[PDB]
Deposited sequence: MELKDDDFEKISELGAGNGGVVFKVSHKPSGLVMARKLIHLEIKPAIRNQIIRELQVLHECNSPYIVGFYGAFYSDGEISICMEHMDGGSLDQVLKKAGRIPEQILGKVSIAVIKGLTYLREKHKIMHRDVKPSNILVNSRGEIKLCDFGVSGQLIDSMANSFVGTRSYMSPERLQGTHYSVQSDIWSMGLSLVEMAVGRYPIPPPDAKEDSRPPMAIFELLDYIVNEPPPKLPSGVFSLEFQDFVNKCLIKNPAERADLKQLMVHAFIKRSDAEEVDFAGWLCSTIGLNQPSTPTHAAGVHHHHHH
């Protein structure tokens, strides 16, 4: 859309991991602006930008909108649709835990967005988790921050950073990345949002490396025994099977009992959202 740092103006801050809510003055648009700082050769930087341009060709109700990416002052700027609901990670804070009928809708949203990305663009997400699922007051649930640029992925070296990991056992044992890996993350995210806390380990903090080792060695987490329907339980369990061959695939999940039910349920998500978030 041709954006430059002069066009913009900060309204507020939305969070970091940093992202501002900005006004794009020349067009009137309100956008979310992510700044990524990288100490990198100018040459690869331009390649990231070049590669982000693919986002202009994404068009799914399950995928956050993209306005453009550019470089300025040692910052990569990625400009996006502003989601006034924030991430399910933020929502999870305010709510303590998210009800399984809401998670049913989330699951459908995620499953659809993954399948759209994989089929129309042959790309995997690579980073499915509560903070990358965004919601808004129209009740929409959308995926964000997927691995669109191979250079950006390589430059960020995300596998070793942060306190939680949603990486799969195969990948941590040298397997190529595939869709089955995003399924594990979604299952892992669903359990986190259902019980109110990152499920690894089951209930001194683990640093990233003990965590990763735990993931490849210990049995997968599961939902507690009475609070949740058996259909939800089984769904999450099919997502968290350590052997990717055995783990369910998108087609299978899409016809699972839990999803067929959830798809039928009348949930007023925007309503629940706004009387949980404000």
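Gaps between the deposited sequence and the modelled structure occur at positions 18 to 20, 207 to 213, 289 to 307.
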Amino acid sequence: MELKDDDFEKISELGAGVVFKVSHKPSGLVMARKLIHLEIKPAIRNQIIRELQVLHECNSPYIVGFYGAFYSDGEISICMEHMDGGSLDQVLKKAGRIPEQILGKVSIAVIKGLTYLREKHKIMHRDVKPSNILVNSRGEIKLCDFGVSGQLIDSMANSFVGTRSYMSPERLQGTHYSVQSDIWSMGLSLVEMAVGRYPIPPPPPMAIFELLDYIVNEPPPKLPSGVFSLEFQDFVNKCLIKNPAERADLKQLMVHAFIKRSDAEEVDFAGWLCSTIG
From here on, numbers count along this sequence of modelled residues.
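In this text, the rigid core denotes the largest set of C-alpha atoms whose superposition between the two forms falls within 1.5 Å.
Take 236 to 244 and 31 to 39, fit the other structures onto the shown form by the rigid core, and average the C-alpha distances in 5 other deposited structures of this protein: the farther stretch is 31 to 39. Root mean square Cα distance to the shown form, taken over structures and residues in 5 other deposited structures of this protein after a core fit, is higher for 147 to 155 when 147 to 155 and 132 to 140 are compared. Mean CA temperature factor is higher for 231 to 239 when stretches 231 to 239 and 60 to 68 are set side by side in the entry.
When the mean C-alpha temperature factors of 204 to 212 and 181 to 189 are read from the deposited coordinates, 204 to 212 comes out higher. Ranking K122, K129, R126, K142 by the C-alpha B-factor listed in the PDB entry places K122 at the top. Comparing the C-alpha B-factors of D154, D84, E81, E75 in the entry, the top value falls on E75. For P199, the recorded CA B-factor ranks within the highest third of the chain. Only modelled residues enter the ranking.
In the PDB entry, a CA B factor belonging to the highest third of its chain's modelled residues is recorded for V54. Among the modelled residues of its chain, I36 has a C-alpha B-factor that falls in the middle third according to the deposited record. Among the modelled residues of its chain, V30 has a C-alpha B-factor that falls in the lowest third, as given in the PDB entry. Annotation for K94: C-alpha temperature factor in the highest third relative to the rest of the modelled chain, per the entry.
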